[PDB]
>>> print(open('protein.cif').read())   # mmCIF, N, CA and C atoms; chains and numbers go by the auth columns
data_protein
#
loop_
_atom_site.group_PDB
_atom_site.id
_atom_site.type_symbol
_atom_site.label_atom_id
_atom_site.label_comp_id
_atom_site.label_asym_id
_atom_site.label_seq_id
_atom_site.Cartn_x
_atom_site.Cartn_y
_atom_site.Cartn_z
_atom_site.B_iso_or_equiv
_atom_site.auth_seq_id
_atom_site.auth_asym_id
ATOM 1 N N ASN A 1 -9.355 -9.484 -8.789 0.00 1 P
ATOM 2 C CA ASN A 1 -8.841 -10.445 -9.814 0.00 1 P
ATOM 3 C C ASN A 1 -7.415 -10.890 -9.462 0.00 1 P
ATOM 4 N N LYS A 2 -6.497 -9.958 -9.337 0.00 2 P
ATOM 5 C CA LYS A 2 -5.087 -10.324 -8.996 0.00 2 P
ATOM 6 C C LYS A 2 -4.870 -10.257 -7.479 0.00 2 P
ATOM 7 N N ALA A 3 -3.665 -10.519 -7.031 0.00 3 P
ATOM 8 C CA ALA A 3 -3.379 -10.474 -5.563 0.00 3 P
ATOM 9 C C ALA A 3 -2.985 -9.057 -5.136 0.00 3 P
ATOM 10 N N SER A 4 -3.536 -8.590 -4.044 0.00 4 P
ATOM 11 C CA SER A 4 -3.201 -7.217 -3.554 0.00 4 P
ATOM 12 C C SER A 4 -2.192 -7.298 -2.401 0.00 4 P
ATOM 13 N N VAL A 5 -1.559 -6.198 -2.082 0.00 5 P
ATOM 14 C CA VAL A 5 -0.555 -6.194 -0.973 0.00 5 P
ATOM 15 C C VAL A 5 -1.252 -5.975 0.377 0.00 5 P
ATOM 16 N N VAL A 6 -1.062 -6.881 1.304 0.00 6 P
ATOM 17 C CA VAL A 6 -1.700 -6.739 2.651 0.00 6 P
ATOM 18 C C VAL A 6 -0.639 -6.908 3.745 0.00 6 P
ATOM 19 N N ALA A 7 -0.603 -6.012 4.701 0.00 7 P
ATOM 20 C CA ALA A 7 0.409 -6.116 5.800 0.00 7 P
ATOM 21 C C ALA A 7 0.196 -7.407 6.595 0.00 7 P
ATOM 22 N N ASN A 8 1.205 -8.239 6.673 0.00 8 P
ATOM 23 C CA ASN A 8 1.074 -9.521 7.433 0.00 8 P
ATOM 24 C C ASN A 8 1.063 -9.247 8.941 0.00 8 P
ATOM 25 N N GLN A 9 1.932 -8.380 9.408 0.00 9 P
ATOM 26 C CA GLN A 9 1.974 -8.062 10.870 0.00 9 P
ATOM 27 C C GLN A 9 1.279 -6.721 11.150 0.00 9 P
ATOM 28 N N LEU A 10 1.274 -6.298 12.389 0.00 10 P
ATOM 29 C CA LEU A 10 0.630 -4.999 12.745 0.00 10 P
ATOM 30 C C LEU A 10 1.698 -3.908 12.883 0.00 10 P
ATOM 31 N N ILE A 11 1.550 -2.824 12.163 0.00 11 P
ATOM 32 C CA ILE A 11 2.550 -1.712 12.254 0.00 11 P
ATOM 33 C C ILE A 11 1.842 -0.397 12.620 0.00 11 P
ATOM 34 N N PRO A 12 2.513 0.413 13.410 0.00 12 P
ATOM 35 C CA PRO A 12 1.936 1.714 13.839 0.00 12 P
ATOM 36 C C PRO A 12 1.960 2.729 12.687 0.00 12 P
ATOM 37 N N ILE A 13 1.701 3.979 12.982 0.00 13 P
ATOM 38 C CA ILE A 13 1.715 5.026 11.913 0.00 13 P
ATOM 39 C C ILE A 13 3.164 5.369 11.537 0.00 13 P
ATOM 40 N N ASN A 14 3.388 5.773 10.306 0.00 14 P
ATOM 41 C CA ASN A 14 4.770 6.129 9.841 0.00 14 P
ATOM 42 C C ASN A 14 5.744 4.966 10.088 0.00 14 P
ATOM 43 N N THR A 15 5.514 3.849 9.442 0.00 15 P
ATOM 44 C CA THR A 15 6.414 2.669 9.616 0.00 15 P
ATOM 45 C C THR A 15 6.918 2.198 8.247 0.00 15 P
ATOM 46 N N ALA A 16 8.209 2.013 8.107 0.00 16 P
ATOM 47 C CA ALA A 16 8.773 1.558 6.795 0.00 16 P
ATOM 48 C C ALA A 16 8.210 0.180 6.423 0.00 16 P
ATOM 49 N N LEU A 17 7.940 -0.039 5.160 0.00 17 P
ATOM 50 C CA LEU A 17 7.379 -1.356 4.727 0.00 17 P
ATOM 51 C C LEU A 17 8.490 -2.262 4.188 0.00 17 P
ATOM 52 N N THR A 18 8.345 -3.552 4.351 0.00 18 P
ATOM 53 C CA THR A 18 9.382 -4.504 3.845 0.00 18 P
ATOM 54 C C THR A 18 8.723 -5.621 3.029 0.00 18 P
ATOM 55 N N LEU A 19 9.512 -6.403 2.332 0.00 19 P
ATOM 56 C CA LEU A 19 8.945 -7.519 1.510 0.00 19 P
ATOM 57 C C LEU A 19 8.268 -8.559 2.411 0.00 19 P
ATOM 58 N N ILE A 20 8.910 -8.936 3.492 0.00 20 P
ATOM 59 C CA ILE A 20 8.310 -9.947 4.425 0.00 20 P
ATOM 60 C C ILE A 20 7.025 -9.390 5.069 0.00 20 P
ATOM 61 N N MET A 21 6.878 -8.085 5.119 0.00 21 P
ATOM 62 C CA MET A 21 5.649 -7.483 5.731 0.00 21 P
ATOM 63 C C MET A 21 4.509 -7.436 4.704 0.00 21 P
ATOM 64 N N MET A 22 4.783 -6.963 3.511 0.00 22 P
ATOM 65 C CA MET A 22 3.715 -6.888 2.466 0.00 22 P
ATOM 66 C C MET A 22 3.458 -8.278 1.870 0.00 22 P
ATOM 67 N N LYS A 23 2.228 -8.730 1.910 0.00 23 P
ATOM 68 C CA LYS A 23 1.895 -10.079 1.355 0.00 23 P
ATOM 69 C C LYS A 23 0.999 -9.939 0.120 0.00 23 P
ATOM 70 N N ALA A 24 1.401 -10.516 -0.988 0.00 24 P
ATOM 71 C CA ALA A 24 0.569 -10.425 -2.228 0.00 24 P
ATOM 72 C C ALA A 24 -0.530 -11.499 -2.197 0.00 24 P
ATOM 73 N N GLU A 25 -1.598 -11.240 -1.482 0.00 25 P
ATOM 74 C CA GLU A 25 -2.713 -12.233 -1.391 0.00 25 P
ATOM 75 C C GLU A 25 -3.973 -11.686 -2.073 0.00 25 P
ATOM 76 N N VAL A 26 -4.765 -12.552 -2.660 0.00 26 P
ATOM 77 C CA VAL A 26 -6.016 -12.092 -3.340 0.00 26 P
ATOM 78 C C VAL A 26 -7.151 -11.992 -2.309 0.00 26 P
ATOM 79 N N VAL A 27 -7.237 -10.880 -1.617 0.00 27 P
ATOM 80 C CA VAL A 27 -8.313 -10.706 -0.587 0.00 27 P
ATOM 81 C C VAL A 27 -8.913 -9.296 -0.673 0.00 27 P
ATOM 82 N N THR A 28 -10.091 -9.111 -0.127 0.00 28 P
ATOM 83 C CA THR A 28 -10.742 -7.764 -0.169 0.00 28 P
ATOM 84 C C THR A 28 -10.542 -7.030 1.168 0.00 28 P
ATOM 85 N N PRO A 29 -10.559 -5.712 1.115 0.00 29 P
ATOM 86 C CA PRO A 29 -10.757 -4.983 -0.167 0.00 29 P
ATOM 87 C C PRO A 29 -9.475 -4.985 -1.007 0.00 29 P
ATOM 88 N N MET A 30 -9.592 -4.666 -2.271 0.00 30 P
ATOM 89 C CA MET A 30 -8.389 -4.641 -3.160 0.00 30 P
ATOM 90 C C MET A 30 -7.648 -3.308 -3.005 0.00 30 P
ATOM 91 N N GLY A 31 -6.585 -3.297 -2.239 0.00 31 P
ATOM 92 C CA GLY A 31 -5.809 -2.038 -2.036 0.00 31 P
ATOM 93 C C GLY A 31 -4.798 -1.870 -3.172 0.00 31 P
ATOM 94 N N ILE A 32 -3.531 -1.785 -2.847 0.00 32 P
ATOM 95 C CA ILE A 32 -2.492 -1.622 -3.909 0.00 32 P
ATOM 96 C C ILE A 32 -1.999 -3.004 -4.365 0.00 32 P
ATOM 97 N N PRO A 33 -1.865 -3.168 -5.663 0.00 33 P
ATOM 98 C CA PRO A 33 -1.396 -4.464 -6.223 0.00 33 P
ATOM 99 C C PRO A 33 0.090 -4.685 -5.905 0.00 33 P
ATOM 100 N N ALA A 34 0.623 -5.828 -6.264 0.00 34 P
ATOM 101 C CA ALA A 34 2.068 -6.108 -5.984 0.00 34 P
ATOM 102 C C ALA A 34 2.961 -5.610 -7.137 0.00 34 P
ATOM 103 N N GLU A 35 2.592 -4.519 -7.773 0.00 35 P
ATOM 104 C CA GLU A 35 3.421 -3.975 -8.896 0.00 35 P
ATOM 105 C C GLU A 35 4.652 -3.240 -8.346 0.00 35 P
ATOM 106 N N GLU A 36 4.457 -2.361 -7.390 0.00 36 P
ATOM 107 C CA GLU A 36 5.608 -1.603 -6.805 0.00 36 P
ATOM 108 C C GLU A 36 6.024 -2.209 -5.452 0.00 36 P
ATOM 109 N N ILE A 37 5.932 -3.511 -5.297 0.00 37 P
ATOM 110 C CA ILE A 37 6.326 -4.151 -3.996 0.00 37 P
ATOM 111 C C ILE A 37 7.746 -3.709 -3.573 0.00 37 P
ATOM 112 N N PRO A 38 8.712 -3.897 -4.453 0.00 38 P
ATOM 113 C CA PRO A 38 10.110 -3.493 -4.138 0.00 38 P
ATOM 114 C C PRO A 38 10.256 -1.960 -4.135 0.00 38 P
ATOM 115 N N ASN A 39 9.375 -1.254 -4.810 0.00 39 P
ATOM 116 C CA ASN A 39 9.467 0.239 -4.839 0.00 39 P
ATOM 117 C C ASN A 39 8.837 0.829 -3.572 0.00 39 P
ATOM 118 N N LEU A 40 7.618 0.445 -3.263 0.00 40 P
ATOM 119 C CA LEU A 40 6.940 0.973 -2.034 0.00 40 P
ATOM 120 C C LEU A 40 7.726 0.568 -0.780 0.00 40 P
ATOM 121 N N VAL A 41 8.441 -0.536 -0.831 0.00 41 P
ATOM 122 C CA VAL A 41 9.232 -0.978 0.359 0.00 41 P
ATOM 123 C C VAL A 41 10.163 0.149 0.829 0.00 41 P
ATOM 124 N N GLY A 42 10.229 0.365 2.118 0.00 42 P
ATOM 125 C CA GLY A 42 11.111 1.440 2.662 0.00 42 P
ATOM 126 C C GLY A 42 10.281 2.676 3.039 0.00 42 P
ATOM 127 N N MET A 43 9.337 3.066 2.208 0.00 43 P
ATOM 128 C CA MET A 43 8.506 4.274 2.526 0.00 43 P
ATOM 129 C C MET A 43 7.576 3.998 3.718 0.00 43 P
ATOM 130 N N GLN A 44 7.151 5.035 4.400 0.00 44 P
ATOM 131 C CA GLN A 44 6.249 4.847 5.580 0.00 44 P
ATOM 132 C C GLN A 44 4.823 5.310 5.250 0.00 44 P
ATOM 133 N N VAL A 45 3.875 4.973 6.091 0.00 45 P
ATOM 134 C CA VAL A 45 2.453 5.389 5.841 0.00 45 P
ATOM 135 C C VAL A 45 2.031 6.492 6.823 0.00 45 P
ATOM 136 N N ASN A 46 0.874 7.065 6.613 0.00 46 P
ATOM 137 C CA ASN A 46 0.378 8.145 7.525 0.00 46 P
ATOM 138 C C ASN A 46 -0.657 7.592 8.515 0.00 46 P
ATOM 139 N N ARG A 47 -1.271 6.474 8.201 0.00 47 P
ATOM 140 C CA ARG A 47 -2.297 5.888 9.123 0.00 47 P
ATOM 141 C C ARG A 47 -1.765 4.608 9.777 0.00 47 P
ATOM 142 N N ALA A 48 -2.512 4.052 10.701 0.00 48 P
ATOM 143 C CA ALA A 48 -2.070 2.794 11.380 0.00 48 P
ATOM 144 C C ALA A 48 -2.505 1.575 10.557 0.00 48 P
ATOM 145 N N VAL A 49 -1.682 0.556 10.502 0.00 49 P
ATOM 146 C CA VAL A 49 -2.039 -0.663 9.709 0.00 49 P
ATOM 147 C C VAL A 49 -1.928 -1.919 10.592 0.00 49 P
ATOM 148 N N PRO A 50 -3.064 -2.399 11.049 0.00 50 P
ATOM 149 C CA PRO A 50 -3.090 -3.614 11.911 0.00 50 P
ATOM 150 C C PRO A 50 -2.732 -4.878 11.107 0.00 50 P
ATOM 151 N N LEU A 51 -2.941 -6.038 11.681 0.00 51 P
ATOM 152 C CA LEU A 51 -2.601 -7.317 10.972 0.00 51 P
ATOM 153 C C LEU A 51 -3.567 -7.591 9.809 0.00 51 P
ATOM 154 N N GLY A 52 -3.046 -8.088 8.709 0.00 52 P
ATOM 155 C CA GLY A 52 -3.897 -8.409 7.516 0.00 52 P
ATOM 156 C C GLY A 52 -4.578 -7.147 6.967 0.00 52 P
ATOM 157 N N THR A 53 -3.905 -6.022 6.993 0.00 53 P
ATOM 158 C CA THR A 53 -4.520 -4.766 6.461 0.00 53 P
ATOM 159 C C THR A 53 -4.038 -4.508 5.029 0.00 53 P
ATOM 160 N N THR A 54 -4.949 -4.444 4.086 0.00 54 P
ATOM 161 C CA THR A 54 -4.546 -4.190 2.666 0.00 54 P
ATOM 162 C C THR A 54 -3.961 -2.775 2.521 0.00 54 P
ATOM 163 N N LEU A 55 -3.106 -2.575 1.550 0.00 55 P
ATOM 164 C CA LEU A 55 -2.491 -1.226 1.351 0.00 55 P
ATOM 165 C C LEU A 55 -3.535 -0.245 0.802 0.00 55 P
ATOM 166 N N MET A 56 -3.848 0.785 1.551 0.00 56 P
ATOM 167 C CA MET A 56 -4.862 1.779 1.077 0.00 56 P
ATOM 168 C C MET A 56 -4.166 3.022 0.502 0.00 56 P
ATOM 169 N N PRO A 57 -4.854 3.695 -0.394 0.00 57 P
ATOM 170 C CA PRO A 57 -4.294 4.919 -1.025 0.00 57 P
ATOM 171 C C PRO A 57 -4.237 6.077 -0.016 0.00 57 P
ATOM 172 N N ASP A 58 -5.251 6.216 0.809 0.00 58 P
ATOM 173 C CA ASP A 58 -5.258 7.316 1.825 0.00 58 P
ATOM 174 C C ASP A 58 -4.200 7.055 2.909 0.00 58 P
ATOM 175 N N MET A 59 -3.855 5.807 3.137 0.00 59 P
ATOM 176 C CA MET A 59 -2.825 5.482 4.174 0.00 59 P
ATOM 177 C C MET A 59 -1.421 5.878 3.688 0.00 59 P
ATOM 178 N N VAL A 60 -1.185 5.852 2.395 0.00 60 P
ATOM 179 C CA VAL A 60 0.168 6.224 1.868 0.00 60 P
ATOM 180 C C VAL A 60 0.307 7.750 1.779 0.00 60 P
ATOM 181 N N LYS A 61 1.423 8.278 2.222 0.00 61 P
ATOM 182 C CA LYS A 61 1.638 9.758 2.157 0.00 61 P
ATOM 183 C C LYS A 61 2.088 10.153 0.744 0.00 61 P
ATOM 184 N N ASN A 62 3.280 9.765 0.356 0.00 62 P
ATOM 185 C CA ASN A 62 3.783 10.107 -1.011 0.00 62 P
ATOM 186 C C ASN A 62 3.657 8.891 -1.945 0.00 62 P
ATOM 187 N N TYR A 63 2.599 8.832 -2.719 0.00 63 P
ATOM 188 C CA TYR A 63 2.406 7.677 -3.655 0.00 63 P
ATOM 189 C C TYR A 63 3.574 7.583 -4.643 0.00 63 P
ATOM 190 N N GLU A 64 4.069 6.394 -4.879 0.00 64 P
ATOM 191 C CA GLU A 64 5.210 6.225 -5.830 0.00 64 P
ATOM 192 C C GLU A 64 4.712 6.218 -7.283 0.00 64 P
ATOM 193 N N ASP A 65 3.489 5.800 -7.516 0.00 65 P
ATOM 194 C CA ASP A 65 2.952 5.791 -8.912 0.00 65 P
ATOM 195 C C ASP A 65 2.477 7.203 -9.284 0.00 65 P
ATOM 196 N N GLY A 66 3.269 7.924 -10.041 0.00 66 P
ATOM 197 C CA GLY A 66 2.884 9.313 -10.436 0.00 66 P
ATOM 198 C C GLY A 66 2.105 9.281 -11.752 0.00 66 P
ATOM 199 N N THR A 67 0.963 8.636 -11.761 0.00 67 P
ATOM 200 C CA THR A 67 0.148 8.562 -13.012 0.00 67 P
ATOM 201 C C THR A 67 -0.869 9.719 -13.058 0.00 67 P
ATOM 202 N N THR A 68 -2.020 9.567 -12.437 0.00 68 P
ATOM 203 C CA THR A 68 -3.040 10.665 -12.460 0.00 68 P
ATOM 204 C C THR A 68 -3.195 11.291 -11.065 0.00 68 P
ATOM 205 N N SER A 69 -3.913 10.639 -10.179 0.00 69 P
ATOM 206 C CA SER A 69 -4.114 11.195 -8.802 0.00 69 P
ATOM 207 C C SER A 69 -2.845 11.033 -7.943 0.00 69 P
ATOM 208 N N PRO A 70 -2.335 9.816 -7.853 0.00 70 P
ATOM 209 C CA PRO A 70 -1.113 9.569 -7.037 0.00 70 P
ATOM 210 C C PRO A 70 0.128 10.162 -7.723 0.00 70 P
ATOM 211 N N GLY A 71 1.135 10.504 -6.956 0.00 71 P
ATOM 212 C CA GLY A 71 2.376 11.087 -7.552 0.00 71 P
ATOM 213 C C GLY A 71 3.086 11.967 -6.521 0.00 71 P
ATOM 214 N N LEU A 72 2.916 13.264 -6.612 0.00 72 P
ATOM 215 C CA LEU A 72 3.579 14.188 -5.641 0.00 72 P
ATOM 216 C C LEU A 72 2.566 14.702 -4.616 0.00 72 P
ATOM 217 N N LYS A 73 2.977 14.822 -3.378 0.00 73 P
ATOM 218 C CA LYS A 73 2.048 15.322 -2.311 0.00 73 P
ATOM 219 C C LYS A 73 1.852 16.846 -2.417 0.00 73 P
#
>>> encode(input="protein.cif", output="structure tokens")
Amino acid sequence: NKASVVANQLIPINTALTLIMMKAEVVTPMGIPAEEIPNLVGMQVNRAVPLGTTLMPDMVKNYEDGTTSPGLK
């Protein structure tokens, strides 16, 4: 329904994310929404993210949204 965050360029494992890298586009699969765009920025991932790769929950190491499953590692 809404636009999800997808990596515009290709980044290796453990790479800091930036605003110009994360793109809020409405494409599948629906990974992480653009709610914590400025918050997730700076943190690195545990898996590799090629071009046009949506933000996945398993790819993020320490999730910033501490609601139910995501939160502290």
>>> atom_distance(input="protein.cif", atom1="CA of residue 2 (chain P)", atom2="CA of residue 26 (chain P)")
6.0 Å
>>> resolve_selection(input="protein.cif", expression="the PyMOL selection byres (((chain P and resi 36 and name CA) around 12) and name CA)", output="count of residues only")
23
>>> resolve_selection(input="protein.cif", expression="the PyMOL selection byres (((chain P and resi 15 and name CA) around 10) and name CA)", output="PDB file with N, CA and C atoms, in the frame of the given file")
ATOM      1  N   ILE P  11       1.550  -2.824  12.163  1.00  0.00           N
ATOM      2  CA  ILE P  11       2.550  -1.712  12.254  1.00  0.00           C
ATOM      3  C   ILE P  11       1.842  -0.397  12.620  1.00  0.00           C
ATOM      4  N   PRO P  12       2.513   0.413  13.410  1.00  0.00           N
ATOM      5  CA  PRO P  12       1.936   1.714  13.839  1.00  0.00           C
ATOM      6  C   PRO P  12       1.960   2.729  12.687  1.00  0.00           C
ATOM      7  N   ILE P  13       1.701   3.979  12.982  1.00  0.00           N
ATOM      8  CA  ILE P  13       1.715   5.026  11.913  1.00  0.00           C
ATOM      9  C   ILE P  13       3.164   5.369  11.537  1.00  0.00           C
ATOM     10  N   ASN P  14       3.388   5.773  10.306  1.00  0.00           N
ATOM     11  CA  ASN P  14       4.770   6.129   9.841  1.00  0.00           C
ATOM     12  C   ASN P  14       5.744   4.966  10.088  1.00  0.00           C
ATOM     13  N   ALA P  16       8.209   2.013   8.107  1.00  0.00           N
ATOM     14  CA  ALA P  16       8.773   1.558   6.795  1.00  0.00           C
ATOM     15  C   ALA P  16       8.210   0.180   6.423  1.00  0.00           C
ATOM     16  N   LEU P  17       7.940  -0.039   5.160  1.00  0.00           N
ATOM     17  CA  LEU P  17       7.379  -1.356   4.727  1.00  0.00           C
ATOM     18  C   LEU P  17       8.490  -2.262   4.188  1.00  0.00           C
ATOM     19  N   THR P  18       8.345  -3.552   4.351  1.00  0.00           N
ATOM     20  CA  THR P  18       9.382  -4.504   3.845  1.00  0.00           C
ATOM     21  C   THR P  18       8.723  -5.621   3.029  1.00  0.00           C
ATOM     22  N   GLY P  42      10.229   0.365   2.118  1.00  0.00           N
ATOM     23  CA  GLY P  42      11.111   1.440   2.662  1.00  0.00           C
ATOM     24  C   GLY P  42      10.281   2.676   3.039  1.00  0.00           C
ATOM     25  N   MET P  43       9.337   3.066   2.208  1.00  0.00           N
ATOM     26  CA  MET P  43       8.506   4.274   2.526  1.00  0.00           C
ATOM     27  C   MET P  43       7.576   3.998   3.718  1.00  0.00           C
ATOM     28  N   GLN P  44       7.151   5.035   4.400  1.00  0.00           N
ATOM     29  CA  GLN P  44       6.249   4.847   5.580  1.00  0.00           C
ATOM     30  C   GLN P  44       4.823   5.310   5.250  1.00  0.00           C
ATOM     31  N   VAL P  45       3.875   4.973   6.091  1.00  0.00           N
ATOM     32  CA  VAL P  45       2.453   5.389   5.841  1.00  0.00           C
ATOM     33  C   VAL P  45       2.031   6.492   6.823  1.00  0.00           C
ATOM     34  N   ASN P  46       0.874   7.065   6.613  1.00  0.00           N
ATOM     35  CA  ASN P  46       0.378   8.145   7.525  1.00  0.00           C
ATOM     36  C   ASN P  46      -0.657   7.592   8.515  1.00  0.00           C
ATOM     37  N   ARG P  47      -1.271   6.474   8.201  1.00  0.00           N
ATOM     38  CA  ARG P  47      -2.297   5.888   9.123  1.00  0.00           C
ATOM     39  C   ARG P  47      -1.765   4.608   9.777  1.00  0.00           C
ATOM     40  N   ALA P  48      -2.512   4.052  10.701  1.00  0.00           N
ATOM     41  CA  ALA P  48      -2.070   2.794  11.380  1.00  0.00           C
ATOM     42  C   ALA P  48      -2.505   1.575  10.557  1.00  0.00           C
ATOM     43  N   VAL P  49      -1.682   0.556  10.502  1.00  0.00           N
ATOM     44  CA  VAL P  49      -2.039  -0.663   9.709  1.00  0.00           C
ATOM     45  C   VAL P  49      -1.928  -1.919  10.592  1.00  0.00           C
TER      46      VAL P  49
END
>>> residues_around(input="protein.cif", residues="residue 53 (chain P)", least_positions_apart="4", cutoff="8 Å", atoms="only C-alpha atoms", output="number ranges by chain")
P: 6-8, 49
>>> atom_distance(input="protein.cif", atom1="CA of residue 28 (chain P)", atom2="atom N of residue 72 (chain P)")
25.9 Å
>>> select_by_dssp(input="protein.cif", residues="chain P", states="helix (DSSP H, G or I)", output="MDAnalysis selection string")
chainID P and resid 37:40
>>> atom_distance(input="protein.cif", atom1="CA of residue 71 (chain P)", atom2="atom N of residue 58 (chain P)")
12.3 Å
>>> select_by_dssp(input="protein.cif", residues="chain P", states="strand (DSSP E or B)", output="list in words")
residues 4, 5, 6, 7, 11, 22, 23, 24, 25, 33, 45, 49, 53, 54 and 60 of chain P
>>> residues_around(input="protein.cif", residues="residue 25 (chain P)", least_positions_apart="2", cutoff="5 Å", atoms="all atoms listed in the file", output="ChimeraX atom specification")
/P:3-4,23,27
>>> closest_residue(input="protein.cif", among="P:1, P:51, P:10, P:68", to="residue 30 (chain P)", atoms="only N, CA and C atoms")
P:1
